[PDB]
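Just one chain follows, in the form deposited in one PDB entry, and it is written as structure tokens.
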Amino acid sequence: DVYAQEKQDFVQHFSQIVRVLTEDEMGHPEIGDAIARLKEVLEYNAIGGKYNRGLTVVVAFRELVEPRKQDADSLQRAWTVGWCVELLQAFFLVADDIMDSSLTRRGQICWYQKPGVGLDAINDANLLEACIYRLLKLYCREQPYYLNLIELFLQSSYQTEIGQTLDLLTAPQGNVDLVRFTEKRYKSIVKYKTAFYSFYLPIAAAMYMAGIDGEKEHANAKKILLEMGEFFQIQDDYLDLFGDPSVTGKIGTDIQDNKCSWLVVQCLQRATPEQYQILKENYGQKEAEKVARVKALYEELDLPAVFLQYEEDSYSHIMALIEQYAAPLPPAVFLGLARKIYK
């Protein structure tokens, strides 16, 4: 209902993102070709998403301002920062898909896989990163929050990259790494790699855009948004395998990439010594017979219905945290976020 509303409005505003970010032509005719390529990047990589995070910034902003203070220019900034989160996202997936060897994403071939692109993808990725802060200076350079956002976006990139380093240290190509797959490792991973940016960031951004910068208020918010954070990825890793690729818009590479997924983690808790051995022979390998034998094993331990279980268990716990912790904020923020991620 509530994201469903302002989505289209959120997406039209992407025409101006691109306009502004590439309005340097007669001033710098030399670099016009870099700026075209830039456009081409943004069109391809910032678009197709569920735009949930970018939206989340916008919805949160409305919710947290007295509409007597939501003037035209405040909403200008409101969805600008929205778009910045989308860029951040886009930055991450473009790099992520080289690193994770992915084939497709958002219903089309990965940027880095297009012929004529390949590893220029890396430079492209960091460009999106840059555009984030380019906008900030544009639309927020004179706000009292301008600096808090910059630090937020960065403090959040770092955290994402720390997560990403764990992801990979825990998931070497070649090395049977079942010992490494503990739930203690896992919670750490999705915390840094997912929760902070896909949740704390967007919300937090708007908190600062609403003049709300108390450490304790941010801390509570954080407490809540790291769970939603966390479930979200267990759902990502679930969908990776049992999800519909015409609906996820991507193909899963978790078994092949020897990844510390929720699944392999639970699988291990419930392994008969023999089973441990089947998985051992099969996990972390390109071969489809092996990837298949594992998918069977996950089904052989009825993990999909276990995921259905945690989904309820977590919905219920996330909801307790909202009650315990939302205030002084309007609980519609978090609720709106939960509706949009639970099934």
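Residue indices: 1-based, along the sequence shown. Rigid core (definition): largest C-alpha set, two forms, superposition within 1.5 Å.
Separately, the form solved in complex with a small molecule exists; it is not shown, and the next lines address it.
### Query
Is the gap between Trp111 and the small molecule in the entry with it bound 4.5 Å or less for some heavy atom pair?
Looking in the entry with it bound, residue contacts with the small molecule do not include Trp111, since no heavy atom lies within 4.5 Å.
### Query
Any of the heavy atoms of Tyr139 lying within 4.5 Å of the small molecule in the entry with it bound?
No, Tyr139 is distant from the partner.
### Query
Closest heavy atom of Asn282 to the small molecule in the entry with it bound, within 4.5 Å or not?
Heavy-atom contact with the small molecule at 4.5 Å: absent for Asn282.
### Task
Flag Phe232 as yes or no: does it have a non-hydrogen atom within 4.5 angstroms of any non-hydrogen atom of the small molecule in the entry with it bound?
Contact check for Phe232: yes, within 4.5 Å of the small molecule in the entry with it bound.
### Query
Where, among 49-57, 274-282, 24-32, 292-300, do residues come within 4.5 Å of the small molecule in the entry with it bound by heavy atom distance?
Answer to the contact question: 49-57.
### Query
Where among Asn148, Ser157, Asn258, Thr80 does the Cα move by 2 Å or more between this form and the one not shown after the core is superposed?
With the rigid core fitted, the residue that moves is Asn258.
### Query
If you line up the core, does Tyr283 shift 2 angstroms or more at its C-alpha between this form and the one not shown?
Yes, the C-alpha position differs by at least 2 Å between this form and the one not shown.
### Message
On a rigid core superposition, would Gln70 pass a 2 Å threshold for CA movement between this form and the one not shown?
### Response
Comparing the forms between this form and the one not shown, which are aligned on their rigid core, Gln70 does not shift its C-alpha by 2 Å or more.
### Query
Superposing on the rigid core, is the CA of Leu55 displaced by 2 Å or more between this form and the one not shown?
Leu55: C-alpha displaced by less than 2 Å between this form and the one not shown.
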